[PDB]
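Chains as they are written, first to last, in the UniProt record's numbering: chain A, 4 to 76; chain B, 1 to 82; chain C, 13 to 90; chain D, 1 to 87, 132 to 160; chain E, 7 to 74; chain F, 22 to 76, 90 to 114. Quick reminder that beta carbons are idealized off the backbone N, C-alpha and C, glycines included.
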Amino acid sequence: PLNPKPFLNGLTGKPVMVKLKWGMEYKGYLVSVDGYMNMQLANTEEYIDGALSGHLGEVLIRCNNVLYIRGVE
Amino acid sequence: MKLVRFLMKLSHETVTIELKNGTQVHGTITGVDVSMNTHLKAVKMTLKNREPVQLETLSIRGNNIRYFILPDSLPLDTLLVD
Amino acid sequence: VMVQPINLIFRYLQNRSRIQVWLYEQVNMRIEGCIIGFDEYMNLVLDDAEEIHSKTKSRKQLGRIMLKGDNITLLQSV
Amino acid sequence: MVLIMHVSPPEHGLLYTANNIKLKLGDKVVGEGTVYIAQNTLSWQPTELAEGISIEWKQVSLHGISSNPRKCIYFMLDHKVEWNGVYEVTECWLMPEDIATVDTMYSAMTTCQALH
Amino acid sequence: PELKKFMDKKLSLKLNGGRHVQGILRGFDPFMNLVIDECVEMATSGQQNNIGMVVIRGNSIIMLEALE
Amino acid sequence: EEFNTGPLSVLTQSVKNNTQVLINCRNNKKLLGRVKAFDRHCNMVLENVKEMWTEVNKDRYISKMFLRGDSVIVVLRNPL
C-alpha cells in the first residue's frame, strides 16, 4: 500500500504534472513539497484549456489548489 | 498563521475587504481574531453586481476573505515588529 | 453511524475495486482509479487513474496519481 | 450543510433563543418563528409550518446588524437555498418583533462563529 | 448527534454544482462524511441512475432533507 | 530552514532580494508586487501591488494589502 506522503516524496526531483481544481495544469520538475503539500516546480509550463499558455520558470503552487499530481511517464 | 497578529492590530482602521465570492466590504475594523474572523462597524457592503447594503456591524468568516486593501498611510514596518 | 465511511475505503483498498470520484469544483469531469493508499484527509493514491469527460464521452489516461481529498464530493464503485 | 427538518429546542449548547422572529430569504418572508443560536448550528422553527431550517456555522459566510425596515440580523449563505415549497449567494434576515434582541443575537452568533 | 435522527432514513441531498442524489443514510463520522446506500443520482436530464453504496463528503452537501 | 529549502523559499527569496512576485489569484486576477512579510500559510503583507485582470486587459494600483494565503493559486518567482 502506497500512501500519499511516500508517493509524493518519490516524485521529488522528477518531472510531474499538477492539475489544479480550477482546470489549469502545470508541468515541471518537482523541486520540493512540504507537510501541507505545497509544491515548488522548476521549468514550469502552464497549460490552459489543453494548450501551453506560458513558460513560468520557478513557481510555488499553494496546496489547497491541487486536484491531483502525477509523474510524467 | 502568525501574520494574523498583524491584522489584530488594526482596530479603528478603515479598510476595504474583497471576499472570495467577489463581495466588497468597506468599513471600520473593530477586531480580528486568530482565525482571521473580521469584525467591522459602519459598513457598506456590495455584493457582486448588486447595489450596496448598509450595516451597523458586520462579522466576516476568516476563510471568506481574499484580501484587505489597507490605508495608504498604514506604517507596515511598525505594525510588523512583533 | 453504523457503517463507517473509511470502511468503504479500506474495503476498496483491500479489494482493488475500480472507483469513481465526483469532484467538488467541477461537474463535467470525474476521476476514476483503483485506490492503493490513502491518508486521514482522504487524500488518495490511485492506480490506473483516468479523467472521465461526460460531455464528449472521452477519457484521459493518467497512470498513478495522488488525488487531494478536499476535491472529493462523492465516491462510488464502478 | 443546511438541514430542513422540524427543529426542537436543543438539549445541549444553546446560547440564545427568542420567539416572534421572522425569517426572510431574499425577498420572501418565510414566516414567523423561534430562533436557536447554538454551538453547532443556527436554526429557526416556523410556528405555522412543520419543518424549519438548521444551518452549520461554517456556512454562514458573514452576519451583521441591519434593518429591513426594522433593526434586524442580516446573514449570508454561500450558496442558493432551494427549500422545497418554501423558497451563488442567499441574503437572509432575522426580523424580531422586539429589536432589543438584535444586539444580543449578533453577539451570540459571533461567539459561535469563533468556535468553528 | 445531529444526523443520528436521520439513520436508516431516505434522504434527498443537494450537492455543490447543482447535483442531487437520494438514498438511505447508513452511517457517518465526526466530520459528517456520510455513507448513503441505494444511492440514486438525479441527473439534470431527469434520468435517475443507481450508483450503489457511496461515500459523500460533508463539505459538499449544501442541503439535506428527509423523504420520510 | 523550511523557509529556506521548502516550497515557501519562493517567498523567502522575494523578501530577501526585495523583488516582485506575480501571484495568480482566483477569478483570473493576478497581483504583481513586493512581499513585505509572509507566514507558513502564505498570508502576505504586499506593497505597490498592480492588480490585473481581463474582461481586454484591466489593471489598478493598491499601495498596501494583506492577502489571505488560501486565496493564492500560484506564485511566480519571476514576473513576465
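Query, Result
"Cβ contact (3+ pairs, closer than 8 Å) linking the region 7 to 25 of chain A and the region 34 to 41 of chain F", "no"
"Proximal residues of chain F, C-beta to C-beta of A:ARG65 below 8 Å", "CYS63, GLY103, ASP104, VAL106, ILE107, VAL108 and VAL109"
"Alpha-carbon spacing of E:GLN53 relative to E:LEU40, whole angstroms", "23 Å"
"For E:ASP43, the residue or residues it bridges with in DSSP", "E:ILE30"
"D:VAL7, DSSP secondary structure in three states", "coil"
"Cβ contact (3+ pairs, closer than 8 Å) linking the region 28 to 37 of chain B and the region 52 to 62 of chain B", "yes"
"Touching by the beta-carbon criterion (3+ pairs, under 8 Å), the region 21 to 31 of chain D and the region 11 to 31 of chain B", "no"
"Segments of 4+ residues assigned as alpha helix (DSSP H) that fall wholly inside the UniProt region \"Sufficient for interaction with CLNS1A\" (1 to 80) of chain B", "4 to 7 and 76 to 79"
"Exposure of F:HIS62, with buried meaning 16 or more beta-carbon neighbours within 10 Å", "buried"
"Partner residues on chain E for C:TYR36, Cβ-Cβ distance less than 7 Å", "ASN22 and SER66"
"For C:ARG42: DSSP bridge partner residues", "C:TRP34 and C:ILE64"
"Contact with chain A by F:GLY54, beta-carbon distance below 9 Å", "no"
"Cβ shell of D:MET149 (< 8 Å), same chain only, five flanking positions each side left out", "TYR16, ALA18, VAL35, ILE37, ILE73, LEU138 and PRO140"
"Beta-carbon gap between A:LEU23 and A:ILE64 smaller than 9 Å", "yes"
"Any beta strand (DSSP E) of 3 or more consecutive residues that is wholly inside the region 35 to 72 of chain D", "41 to 46, 52 to 56 and 60 to 67"
"Exposure of B:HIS12, with buried meaning 16 or more beta-carbon neighbours within 10 Å", "exposed"
"Three CB pairs or more closer than 8 Å across the region 51 to 61 of chain C and the region 77 to 86 of chain C", "yes"
"Three-pair Cβ contact test at 8 Å for the region 67 to 80 of chain B versus the region 27 to 44 of chain E", "no"
"is_contact[B:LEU10, chain D] using C-beta, thresh 9 Å", "no"
"Top-ranked residue by Cα proximity to A:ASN46, from A:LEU55, A:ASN68, A:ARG73 and A:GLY60", "A:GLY60"
"Exposed unless 16 or more other CB atoms sit within 10 angstroms - verdict on F:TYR95", "exposed"
"Selection from B:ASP33, B:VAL25, B:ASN49 and B:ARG50 that minimises the alpha carbon distance to B:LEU7", "B:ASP33"
"Cutoff 9 Å: B:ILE60 Cβ touching any chain D Cβ", "yes"
"Below-9 Å beta-carbon distance, A:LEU59 vs any chain F residue", "yes"
"Closer than 9 Å to chain F by CB, A:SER35", "yes"
"C:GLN16 to D:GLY64 span [Cα, whole Å]", "38 Å"
"Option in A:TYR32, A:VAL36, A:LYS30 and A:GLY31 with minimal Cα separation from A:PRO7", "A:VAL36"
"Exposed unless 16 or more other CB atoms sit within 10 angstroms - verdict on B:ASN49", "exposed"
"Three-pair Cβ contact test at 8 Å for the region 51 to 71 of chain E versus the region 53 to 73 of chain F", "no"
"Within chain B, the residues that F:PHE100 reaches when beta carbons sit closer than 8 Å", "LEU3, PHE6, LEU7, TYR67, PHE68 and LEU70"
"Per-residue contacts from D:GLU82 into chain E (C-beta, under 8 Å)", "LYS20 and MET69"
"CB contact below 9 Å: A:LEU23 versus chain F", "yes"
"For D:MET153 and D:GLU51, the rounded distance between their alpha carbons", "22 Å"
"D:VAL133 beta carbon less than 9 Å from that of B:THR23", "yes"
"Distance CB(F:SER35)-CB(F:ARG55) smaller than 9 Å", "yes"
"Under 9 Å between C-beta atoms of E:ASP35 and C:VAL13", "yes"
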